[PDB]
Amino acid sequence: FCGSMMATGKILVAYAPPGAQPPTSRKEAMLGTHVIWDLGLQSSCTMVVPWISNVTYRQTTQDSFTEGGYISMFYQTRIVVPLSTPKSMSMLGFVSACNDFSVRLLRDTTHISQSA
Amino acid sequence: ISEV
Amino acid sequence: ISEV
Amino acid sequence: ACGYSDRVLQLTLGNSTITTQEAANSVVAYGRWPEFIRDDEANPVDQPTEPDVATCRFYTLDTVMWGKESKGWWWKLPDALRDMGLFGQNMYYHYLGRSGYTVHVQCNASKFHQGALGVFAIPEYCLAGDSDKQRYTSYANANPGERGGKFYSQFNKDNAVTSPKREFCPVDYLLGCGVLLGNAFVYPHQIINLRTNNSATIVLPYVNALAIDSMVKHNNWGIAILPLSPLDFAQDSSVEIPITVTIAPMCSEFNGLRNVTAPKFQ
Amino acid sequence: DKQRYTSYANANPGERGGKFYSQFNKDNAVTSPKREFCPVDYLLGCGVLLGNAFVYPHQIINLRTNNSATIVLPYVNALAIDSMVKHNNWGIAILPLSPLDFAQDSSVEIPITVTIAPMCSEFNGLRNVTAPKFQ
Amino acid sequence: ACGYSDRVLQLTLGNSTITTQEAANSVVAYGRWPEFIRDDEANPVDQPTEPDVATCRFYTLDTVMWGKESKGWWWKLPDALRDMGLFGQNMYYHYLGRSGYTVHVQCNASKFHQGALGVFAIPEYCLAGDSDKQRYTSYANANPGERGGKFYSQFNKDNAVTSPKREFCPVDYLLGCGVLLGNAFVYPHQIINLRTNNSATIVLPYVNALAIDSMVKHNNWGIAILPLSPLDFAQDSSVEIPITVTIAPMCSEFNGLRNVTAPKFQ
Amino acid sequence: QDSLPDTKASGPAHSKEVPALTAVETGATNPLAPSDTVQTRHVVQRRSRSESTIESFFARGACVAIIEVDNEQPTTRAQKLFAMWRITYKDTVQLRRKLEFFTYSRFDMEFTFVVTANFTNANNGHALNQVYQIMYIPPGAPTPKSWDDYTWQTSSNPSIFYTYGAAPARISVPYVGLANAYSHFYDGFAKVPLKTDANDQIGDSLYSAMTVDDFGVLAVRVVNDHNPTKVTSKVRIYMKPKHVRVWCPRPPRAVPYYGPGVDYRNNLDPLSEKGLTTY
Amino acid sequence: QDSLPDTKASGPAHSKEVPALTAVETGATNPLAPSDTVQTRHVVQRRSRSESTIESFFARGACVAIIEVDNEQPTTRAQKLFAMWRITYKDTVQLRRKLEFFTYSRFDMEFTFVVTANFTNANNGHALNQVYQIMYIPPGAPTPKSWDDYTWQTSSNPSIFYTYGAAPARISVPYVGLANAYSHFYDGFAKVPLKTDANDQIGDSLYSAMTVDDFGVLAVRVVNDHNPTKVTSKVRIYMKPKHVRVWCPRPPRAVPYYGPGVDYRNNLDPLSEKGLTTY
Amino acid sequence: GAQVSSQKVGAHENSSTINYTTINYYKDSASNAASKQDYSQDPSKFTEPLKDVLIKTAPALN
Amino acid sequence: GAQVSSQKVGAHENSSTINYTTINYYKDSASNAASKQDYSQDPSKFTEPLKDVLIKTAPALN
Ligand SMILES: CCCCCCCCCCCCC/C=C/[C@@H](O)[C@H](N)CO
Ligand SMILES: CCCCCCCCCCCCC/C=C/[C@@H](O)[C@H](N)CO
Ligand SMILES: *C(=O)CCCCCCCCCCCCC
Ligand SMILES: *C(=O)CCCCCCCCCCCCC
């Protein structure tokens with residue numbers, strides 16, 4: 001959270017394993033895995049997306065057979081600020097693998113090419 | 001070696 | 001030889 | 001030294017976690033943590049279902065707004081959760097059900113706002129009706145679900161003796177039931193006083209005169225939230241801030257399976 | 001003529017189940033195709049001969065001998081757990097190996113009732129409910 | 001109990017001390033504290049000079065101002081210190097020099113200001129040029145000294161193909177070098193997020209593919225400070241607050257003494 | 001020691017043990033031996049089932065693909081200067097049918113490549129010996145758009161460079177399945193239509209198909225630049241399962257295959273005519 | 001034993017330990033596991049990171065050069081009777097990008113050479129099998145001025161004589177760097193302009209370049225004298241780093257390469273459009 | 001690392017256990033040849049998958 | 001000079017530690033193949049390069 005120290009708020013961040021309608025409301029999002037973040041001196045909050053899969057390894061391309069689910073975020077109460085404080089602010093997000101993560105079958109990336 |  |  | 005505080009807590013149940021950085025410790029009602037029925041207190045003889053993580057997890061109800069003229073809100077348990085995921089399904093498929101709860105009430109504001117909410121957990125919270133007829137509130141009106149109900153500042157008697165509303169008329173300083181609100185502190189409670197904390201956490205054991213009962217017919221606990229000191233901010237006359245209630249079933253067990261109950265609410 | 005084209009709603013009849021036929025009736029309304037299975041009985045609905053279906057776990061209800069069949073099924077799949085909504089693990093096929101007959105009446109009918117119990121059920125990955133479109 | 005916090009630190013090197021009361025712990029890059037060349041890693045054979053407290057002390061560079069339209073700043077080491085007291089003299093009198101550094105970036109604001117600076121320490125921070133000609137930034141332009149350089153929001157190609165500027169054109173979301181800024185977090189870094197802290201402290205070992213090298217020809221580390229979230233205050237549209245960078249050489253040793261190098265910068 | 005059991009000598013019987021009667025309704029096969037219904041002599045049995053183990057039944061290279069690739073001047077029309085084959089055993093029928101005696105399998109795979117070439121035109125000079133590149137492109141990697149674009153740099157995909165006239169190329173691949181066994185049959189879908197879907201296309205998928213790209217493709221090209229005369233080649237691919245385990249036996253395919261699923265269409269009459277009482 | 005850690009079973013929590021909250025300002029990543037924020041079961045983990053070790057990530061031959069060389073009658077014009085390639089991994093992009101996940105590296109290098117030839121003219125007779133000489137010329141050694149001058153005597157430079165149609169040639173080279181690791185990035189110059197320099201050219205050098213000749217060149221020629229018909233060949237060079245160590249990870253290249261430095265020019269917009277609230 | 005096993009001899013020359021030798025040359029087990037020294041099992045899971053398996057001399061239905 | 005090591009077996013035949021053998025034929029170690037028996041390490045120097053590393057259950061800022 002990169003708001004001022006005077007800003008407060010509670011946020012729900014959720015993970016829905018695949019197979020149902022992608023969450024459109026907090027009411028649906030809160031039925032899946034979720035963390036309710038209270039903003040305060042510890043500036044940041046981590047939600048862990050547990051490995052929940054049918055196959056033992058998923059594909060790195062998009063495939064419905066090995067689809068992974070949905071992440072959504074909703075306000076749990078709202079951002080509240082006093083007077084003389086910015087009413088808008090940025091939130092930044094970060095991602096990393098846990099210690100149980102692995103990859104296999106080396107292949108070329110689509111992220112670099114070369115023209116003739 | 002190992003005979004079996 | 002050396003098995004490891 | 002490393003820094004643990006009774007103001008910062010994490011609660012994890014099933015697949016849901018709550019954090020708060022401005023708690024005021026937490027209450028375990030009557031000093032009793034929830035538990036399953038022991039064999040020597042058991043009464044139905046069929047093997048119970050215990051859905052465990054599928055039902056004992058945090059469900060967040062719809063947010064309500066606290067404004068300067070709000071008189072208070074009330075919910076009953078298990079009613080407020082009757083439509084929540086697999087807790088509601090197990091509740092309606094079984095004649096009997098038992099559950100304790102963790103209640104977490106959320107309300108943040110700022111260092112320049114002020115106000116204090118009293119959060120009370122009341123066993124058998126009987127509420128008073130709106131008319132001359134006694135004990136006449138109907139089942140659908142006594143059970144608002146997650147929507148809950150509200151308090152009023154005065155007794156407004158329903159007069160359409162023709163098509164009576166059959167509703168409760170909870171007057172706030174009488175705690176909706178003929179006693180003085182100031183004595184509600186004998187019930188398990190916390191206060192969210194905005195200068196001090198932004199949440200209240202209360203753990204509720206199952207309390208009843210029976211080891212297990214019908215969840216559809218009977219509510220074990222009522223949650224009453226009343227502004228002990230009204231909301232105020234800067235010099236504005238129409239400040240509003242959200243109040244969100246998140247509740248998790250605990251040690252749920254159900255007996256007497258058959259076809260599903262479908263109550264008539266509308 | 002279209003391969004692997006039976007739709008999800010038609011492949012999954014629920015408790016109603018489906019039926020076998022004596023012959024391949026190709027859907028011809030190439031405009032509004034039915035997208036249904038056409039299971040031919042002596043081919044076990046899948047291109048093999050019905051007589052070899054005995055390599056699968058089975059019992060016979062032969063009316064002179066017994067009035068029921070009981071079969072216990074372990075979970076079988078190439079995975080320890082999977083999506084139950086997308087994938088069916090087992091099929092139950094009941095075919096008259098020898099047709100019904102009685103006294104000398106030409107329209108005898110008797111009920112067949114199927115009772116099934118889940119065993120060792122466990123579920124993972126809770127979220128909001130799946131609501132498939134069947135109609 | 002007596003009160004030590006990872007938010008309050010004192011750093012003392014030579015005759016200089018820094019205090020901060022709102023730190024966010026401190027980073028030791030790649031887990032390696034600086035050290036001198038060991039005999040078994042040594043390569044020039046002459047006895048090194050180790051000026052110790054005369055060069056390993058905190059030097060404060062000129063302050064820069066962070067405003068709402070600032071895109072970022074960068075400095076290279078040892079270049080930013082080339083004119084600093086006896087560190088600069090030893091650097092230019094010797095063919096070879098080696099040094100680690102403590103970098104302390106300072107930015108205070110108030111509880112009503114907001115914004116977040118990313119402070120990244122990058123080994124071999126090669127930056128991209130301003131034209132069609134490749135690898136053409138000149139020595140004087142690649143080495144701004146304590147003044148440092150700036151980032152831009154877009155690639156502005158130098159077109160005066162007649163009198164080319166031969167400057168870098170560092171585009172901010174590409175970290176000035178063709179990679180995405182979001183992945184700069186694989187480099188040793190801290191964030192000064194104004195609601196949380198007012199300084200960043202990073203200790204840098206000497207990193208190079210050699211035990212010692214020419215400090216005049218080669219910069220070992222780059223310091224990049226970019227607004228990850230832009231400065232904002234109350235409702236004013238032209239807030240500005242200072243950013244001051246203080247850096248101290250650590251474990252400095254020099255080899256190959258002769259007459260002084262005098263680079264042509266102008 | 002792998003021989004089958006010996007026949008025991010047995011004599012006459014007059015008793016209440018009746019092995020010849022049974023009830024197949026139970027779902028069981030009656031485990032009789034000839035000595036249960038006739039008088040037998042002792043026979044020391046030496047036959048074995050060495051050649052019908054799962055490993056010996058599959059231990060043959062079977063042709064699964066014929067890929068055609070040309071080497072000629074790059075014109076502007078559609079040419080076959082490189083070819084791509086989606087890896088499968090379902091383009092041919094013989095190995096498909098043997099694997100489909102089982103529902104699931106787990107094995108390593110040996111691929112051997114036989115390459116043959118010929119001239120097509122009576123004469124426009126000749127051709128110098130050709131080298132072929134067979135590149136494996138796993139699901140997700142970039143596929144070539146021309147025979148010499150950057151994907152052929154193959155920095156991470158594995159490639160074989162085969163020289164014409166050398167012994168057939170050969171490589172092995174591990175068990176690469178996403179599940180704990182390969183599914184020869186999948187009774188399901190990769191997507192489910194939901195009631196809240198915007199249209200019916202969103203949840204529609206092919207019955208019994210799993211992933212879209214399955215194992216990826218082999219991209220084949222001739223590395224040489226073209227000669228004046230055109231040269232056509234064919235790469236024949238032979239698959240042999242090795243270190244084989246299989247589960248859940250099935251009736252074998254009895255009517256012609258009609259696509260990659262179990263669908264049928266014609267020749268649904270596999271059995272011939274024979275009189276009930278004709279030997 | 002190389003498997004990843006097991007998941008521990010964990011149950012409910014109501015406490016002052018709050019692993020879900022953190023402060024990324026410190027520069028650290030929060031080391032959470034699923035059992036810190038949800039109830040988990042015990043899982044005996046068998047997956048491993050065997051295929052993403054530094055050695056397995058680089059263990060592929062990647063194409064780094066295509067050298068063209070002709071065999072035809074020596075005319076007076078510019079011909080390609082021999083060709084020279086300055087050794088580098090920066091003429092192609094795929095291996096360059098994988099090495100540049102790191103600032104420094106130390107490895108031995110395997111080079112494999114694939115050689116293909118073709119006729120160019122419809123017919124002026126044919127050609128007998130060609131032998132190719134690939135000579136390494138280290139910085140400082142004399143470079144050939146014609147395809148058969150004295151430098152090809154190769155008394156000290158190493159050469160490969162490759163026969164057309166034989167298996168691809170292959171050699172290994174040790175870590176030959178002048179420093180203790182190869183620098184994939186060098187933030188500096190090879191010269192410094194001094195105030196006393198006579199003019200500005202004297203101290204001018206290219207940004208981020210080190211030595212001028214780097215590793216030298218490969219000089220390739222066909223050893224055969226010419227036939228009446230012309231034969232064109234291409235030598236494709238594949239590099240594989242082996243016995244690899246790497247230091248100081250970097251963001252990977254996200255926009256097209258523009259030369260041997262880090263410069264960029266076009267397609268500076270790698271990310272596509274996607275709505276903030278669209279799955 | 002040489003494995004030595006016995007061959008099952010079919011035709012015999014007018015000359016005993018004849019052995020053969022194997023060495024694996026590759027690290028990956030997928031590269032290995034097949035040893036074809038394969039054990040077998042009981043068909044019961046298919047021929048008699050009954051909860052109470054009865055003896056063949058006794059009546060199947062009691 | 002033969003080195004014998006164990007293979008990590010993936011698919012198993014219906015037939016244990018299977019070994020493979022290696023001999024280096026050249027004096028120069030650059031000629032050697034890769035053994036691919038590679039150890040790993042801790043990511044901490046990148047994920048937690050902090051002077052005071054704190055435990056994940058405690059507050060990051062105290
Ligand atoms: C340089 C050439 C490399 C060739 C690499 C080939 C990799 C793929 C091997 C696949 C073997 C496929 C066997 C069939 C499996 C299927 O039955 C099932 N659809 C999997 O669930
Ligand atoms: C007969 C053929 C012999 C071929 C001999 C080749 C010798 C040169 C091998 C060089 C391997 C180069 C890898 C790249 C290193 C660069 O990153 C850096 N510029 C070095 O600081
Ligand atoms: C067990 O392997 C003991 C030693 C066997 C000696 C003979 C080895 C023959 C060569 C194997 C080379 C494998 C590839 C380098
Ligand atoms: C260790 O090496 C013990 C002996 C191994 C015997 C088998 C050797 C096979 C031939 C190696 C020749 C290397 C080149 C002359």
# chains A, B, ... in the order shown; residues from 1 in each chain; ligands from 1
$ interface_residues --of "chain A" --to "chain H" --cutoff "10 Å" --atoms "only C-alpha atoms" --output "PyMOL selection string"
chain A and resi 1+22-24+33-51+56-57+69-73+94-109+111-115
$ residues_near_ligand --ligand "ligand 3" --cutoff "12 Å" --atoms "only C-alpha atoms and all ligand atoms" --output "VMD selection string"
(chain B and resid 1 to 3) or (chain C and resid 1 to 4) or (chain I and resid 1 to 4 21 to 27) or (chain J and resid 1 to 6 18 to 26 31 to 35)
$ residues_around --residues "stretch 70-78 of chain E" --least-positions-apart "3" --cutoff "12 Å" --atoms "only C-alpha atoms" --output "ChimeraX atom specification"
/A:54-56 /E:56-61,66-67,81-84,87-92,114-122 /G:25-27,103-106,177-188,246-248 /I:49-51
$ residues_near_ligand --ligand "ligand 2" --cutoff "7 Å" --atoms "only C-alpha atoms and all ligand atoms" --output "ChimeraX atom specification"
/H:87-89,109,134-136,158-160,171,173,176-177,181-184,214-215,218
$ residues_around --residues "residue E:19" --least-positions-apart "3" --cutoff "12 Å" --atoms "only C-alpha atoms" --output "list in words"
residues 11, 13, 16, 22, 36, 37, 38, 39, 40, 41, 44, 45, 92, 93, 94, 95 and 96 of chain E
$ write_last_selection --atoms "N, CA and C atoms" --output "PDB file, in the first residue's frame"
ATOM      1  N   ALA E  11     -23.741 -35.760 -23.361  1.00  0.00           N
ATOM      2  CA  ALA E  11     -22.874 -36.803 -22.865  1.00  0.00           C
ATOM      3  C   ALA E  11     -23.201 -37.087 -21.409  1.00  0.00           C
ATOM      4  N   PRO E  13     -26.303 -37.367 -19.109  1.00  0.00           N
ATOM      5  CA  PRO E  13     -27.730 -37.409 -18.854  1.00  0.00           C
ATOM      6  C   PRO E  13     -28.119 -37.381 -17.391  1.00  0.00           C
ATOM      7  N   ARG E  16     -31.030 -40.076 -15.318  1.00  0.00           N
ATOM      8  CA  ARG E  16     -31.857 -40.547 -16.394  1.00  0.00           C
ATOM      9  C   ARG E  16     -31.110 -41.582 -17.239  1.00  0.00           C
ATOM     10  N   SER E  22     -29.864 -50.708 -31.716  1.00  0.00           N
ATOM     11  CA  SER E  22     -29.460 -51.830 -32.513  1.00  0.00           C
ATOM     12  C   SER E  22     -28.706 -51.445 -33.729  1.00  0.00           C
ATOM     13  N   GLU E  36     -25.398 -35.923 -30.156  1.00  0.00           N
ATOM     14  CA  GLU E  36     -25.702 -36.979 -29.213  1.00  0.00           C
ATOM     15  C   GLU E  36     -24.842 -38.194 -29.462  1.00  0.00           C
ATOM     16  N   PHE E  37     -24.790 -39.088 -28.492  1.00  0.00           N
ATOM     17  CA  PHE E  37     -24.135 -40.357 -28.695  1.00  0.00           C
ATOM     18  C   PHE E  37     -25.063 -41.255 -29.518  1.00  0.00           C
ATOM     19  N   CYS E  38     -24.571 -42.254 -30.254  1.00  0.00           N
ATOM     20  CA  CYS E  38     -25.443 -43.238 -30.864  1.00  0.00           C
ATOM     21  C   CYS E  38     -24.831 -44.584 -30.463  1.00  0.00           C
ATOM     22  N   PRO E  39     -25.031 -45.109 -29.237  1.00  0.00           N
ATOM     23  CA  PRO E  39     -24.399 -46.331 -28.780  1.00  0.00           C
ATOM     24  C   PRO E  39     -25.029 -47.555 -29.412  1.00  0.00           C
ATOM     25  N   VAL E  40     -24.356 -48.286 -30.294  1.00  0.00           N
ATOM     26  CA  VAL E  40     -24.933 -49.494 -30.866  1.00  0.00           C
ATOM     27  C   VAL E  40     -24.599 -50.631 -29.901  1.00  0.00           C
ATOM     28  N   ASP E  41     -25.602 -51.412 -29.515  1.00  0.00           N
ATOM     29  CA  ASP E  41     -25.490 -52.453 -28.519  1.00  0.00           C
ATOM     30  C   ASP E  41     -24.469 -53.549 -28.761  1.00  0.00           C
ATOM     31  N   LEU E  44     -20.973 -52.383 -27.989  1.00  0.00           N
ATOM     32  CA  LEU E  44     -20.857 -51.785 -26.654  1.00  0.00           C
ATOM     33  C   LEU E  44     -20.842 -50.251 -26.708  1.00  0.00           C
ATOM     34  N   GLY E  45     -21.432 -49.663 -27.760  1.00  0.00           N
ATOM     35  CA  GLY E  45     -21.494 -48.229 -27.942  1.00  0.00           C
ATOM     36  C   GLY E  45     -20.158 -47.607 -28.280  1.00  0.00           C
ATOM     37  N   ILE E  92     -21.670 -47.427 -16.244  1.00  0.00           N
ATOM     38  CA  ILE E  92     -22.393 -48.634 -15.855  1.00  0.00           C
ATOM     39  C   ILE E  92     -23.178 -48.957 -17.113  1.00  0.00           C
ATOM     40  N   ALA E  93     -23.047 -50.129 -17.730  1.00  0.00           N
ATOM     41  CA  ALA E  93     -23.801 -50.484 -18.922  1.00  0.00           C
ATOM     42  C   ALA E  93     -24.653 -51.705 -18.602  1.00  0.00           C
ATOM     43  N   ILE E  94     -25.973 -51.697 -18.797  1.00  0.00           N
ATOM     44  CA  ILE E  94     -26.804 -52.856 -18.522  1.00  0.00           C
ATOM     45  C   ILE E  94     -27.431 -53.205 -19.858  1.00  0.00           C
ATOM     46  N   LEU E  95     -27.146 -54.390 -20.385  1.00  0.00           N
ATOM     47  CA  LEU E  95     -27.699 -54.818 -21.664  1.00  0.00           C
ATOM     48  C   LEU E  95     -28.419 -56.150 -21.534  1.00  0.00           C
ATOM     49  N   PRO E  96     -29.572 -56.450 -22.158  1.00  0.00           N
ATOM     50  CA  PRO E  96     -30.208 -57.757 -22.116  1.00  0.00           C
ATOM     51  C   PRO E  96     -29.355 -58.763 -22.884  1.00  0.00           C
TER      52      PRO E  96
END
$ closest_atom_pairs --of "chain E" --to "chain A" --cutoff "9 Å" --atoms "only C-alpha atoms" --output "CSV"
residue,atom,partner,partner_atom,distance
E:79,CA,A:55,CA,6.7
E:80,CA,A:54,CA,7.8
E:81,CA,A:54,CA,5.9
E:82,CA,A:54,CA,4.7
E:83,CA,A:54,CA,6.8
E:85,CA,A:19,CA,8.0
E:86,CA,A:19,CA,8.6
E:124,CA,A:52,CA,7.4
E:125,CA,A:17,CA,5.7
E:126,CA,A:32,CA,5.8
E:127,CA,A:32,CA,3.8
E:128,CA,A:31,CA,5.5
E:129,CA,A:20,CA,6.1
E:130,CA,A:20,CA,4.3
E:131,CA,A:20,CA,7.0
E:132,CA,A:20,CA,8.5
$ interface_residues --of "chain I" --to "chain G" --cutoff "8 Å" --atoms "only C-alpha atoms" --output "ChimeraX atom specification"
/I:29-31,33-34,36,38,40,46-50,56-61
$ write_last_selection --atoms "N, CA, C and O atoms" --output "mmCIF file, in the first residue's frame"
data_model
loop_
_atom_site.group_PDB
_atom_site.id
_atom_site.type_symbol
_atom_site.label_atom_id
_atom_site.label_comp_id
_atom_site.auth_asym_id
_atom_site.auth_seq_id
_atom_site.Cartn_x
_atom_site.Cartn_y
_atom_site.Cartn_z
ATOM 1 N N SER I 29 17.559 -42.918 -17.512
ATOM 2 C CA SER I 29 17.099 -44.277 -17.647
ATOM 3 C C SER I 29 16.235 -44.488 -18.874
ATOM 4 O O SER I 29 16.149 -45.604 -19.396
ATOM 5 N N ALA I 30 15.647 -43.440 -19.436
ATOM 6 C CA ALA I 30 14.921 -43.580 -20.681
ATOM 7 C C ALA I 30 15.831 -44.065 -21.794
ATOM 8 O O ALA I 30 15.331 -44.683 -22.735
ATOM 9 N N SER I 31 17.155 -43.848 -21.725
ATOM 10 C CA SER I 31 18.076 -44.303 -22.752
ATOM 11 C C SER I 31 18.323 -45.794 -22.714
ATOM 12 O O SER I 31 18.853 -46.384 -23.653
ATOM 13 N N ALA I 33 18.106 -49.902 -22.634
ATOM 14 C CA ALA I 33 17.421 -50.891 -23.444
ATOM 15 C C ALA I 33 16.395 -51.561 -22.540
ATOM 16 O O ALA I 33 16.250 -51.158 -21.380
ATOM 17 N N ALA I 34 15.597 -52.537 -22.954
ATOM 18 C CA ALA I 34 14.652 -53.201 -22.076
ATOM 19 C C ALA I 34 15.335 -54.434 -21.528
ATOM 20 O O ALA I 34 16.019 -55.099 -22.302
ATOM 21 N N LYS I 36 13.895 -57.189 -20.396
ATOM 22 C CA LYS I 36 13.019 -58.286 -20.762
ATOM 23 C C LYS I 36 13.109 -59.448 -19.808
ATOM 24 O O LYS I 36 12.944 -60.606 -20.164
ATOM 25 N N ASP I 38 11.078 -60.290 -17.284
ATOM 26 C CA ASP I 38 9.863 -59.791 -16.703
ATOM 27 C C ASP I 38 9.054 -60.838 -16.010
ATOM 28 O O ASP I 38 8.820 -61.958 -16.496
ATOM 29 N N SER I 40 5.622 -61.971 -13.945
ATOM 30 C CA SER I 40 4.218 -62.140 -14.264
ATOM 31 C C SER I 40 3.402 -62.047 -12.992
ATOM 32 O O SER I 40 3.960 -61.827 -11.904
ATOM 33 N N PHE I 46 -8.985 -60.227 -12.407
ATOM 34 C CA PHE I 46 -9.874 -60.238 -13.548
ATOM 35 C C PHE I 46 -10.699 -61.523 -13.572
ATOM 36 O O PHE I 46 -11.884 -61.493 -13.912
ATOM 37 N N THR I 47 -10.128 -62.686 -13.254
ATOM 38 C CA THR I 47 -10.872 -63.919 -13.395
ATOM 39 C C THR I 47 -11.727 -64.240 -12.199
ATOM 40 O O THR I 47 -12.699 -64.979 -12.338
ATOM 41 N N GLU I 48 -11.423 -63.746 -11.005
ATOM 42 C CA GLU I 48 -12.199 -64.073 -9.818
ATOM 43 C C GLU I 48 -12.308 -62.878 -8.889
ATOM 44 O O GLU I 48 -11.931 -62.996 -7.718
ATOM 45 N N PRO I 49 -12.816 -61.701 -9.274
ATOM 46 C CA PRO I 49 -12.792 -60.529 -8.410
ATOM 47 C C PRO I 49 -13.967 -60.572 -7.424
ATOM 48 O O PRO I 49 -14.727 -59.609 -7.293
ATOM 49 N N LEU I 50 -14.154 -61.674 -6.704
ATOM 50 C CA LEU I 50 -15.325 -61.882 -5.879
ATOM 51 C C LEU I 50 -15.010 -61.541 -4.456
ATOM 52 O O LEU I 50 -13.887 -61.740 -4.019
ATOM 53 N N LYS I 56 -13.190 -74.278 -6.414
ATOM 54 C CA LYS I 56 -13.861 -74.810 -7.601
ATOM 55 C C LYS I 56 -14.635 -76.107 -7.398
ATOM 56 O O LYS I 56 -15.524 -76.403 -8.179
ATOM 57 N N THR I 57 -14.347 -76.905 -6.371
ATOM 58 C CA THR I 57 -15.080 -78.132 -6.127
ATOM 59 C C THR I 57 -16.397 -77.926 -5.383
ATOM 60 O O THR I 57 -17.285 -78.795 -5.393
ATOM 61 N N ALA I 58 -16.516 -76.781 -4.710
ATOM 62 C CA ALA I 58 -17.712 -76.454 -3.944
ATOM 63 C C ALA I 58 -18.731 -75.816 -4.896
ATOM 64 O O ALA I 58 -18.337 -75.315 -5.967
ATOM 65 N N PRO I 59 -20.049 -75.809 -4.604
ATOM 66 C CA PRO I 59 -21.019 -75.037 -5.379
ATOM 67 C C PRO I 59 -20.756 -73.523 -5.371
ATOM 68 O O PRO I 59 -20.436 -72.942 -4.325
ATOM 69 N N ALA I 60 -20.888 -72.883 -6.547
ATOM 70 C CA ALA I 60 -20.712 -71.446 -6.683
ATOM 71 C C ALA I 60 -21.822 -70.708 -5.960
ATOM 72 O O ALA I 60 -21.606 -69.609 -5.449
ATOM 73 N N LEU I 61 -23.040 -71.241 -5.968
ATOM 74 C CA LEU I 61 -24.117 -70.640 -5.226
ATOM 75 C C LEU I 61 -24.537 -71.632 -4.173
ATOM 76 O O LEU I 61 -24.939 -72.756 -4.498
#
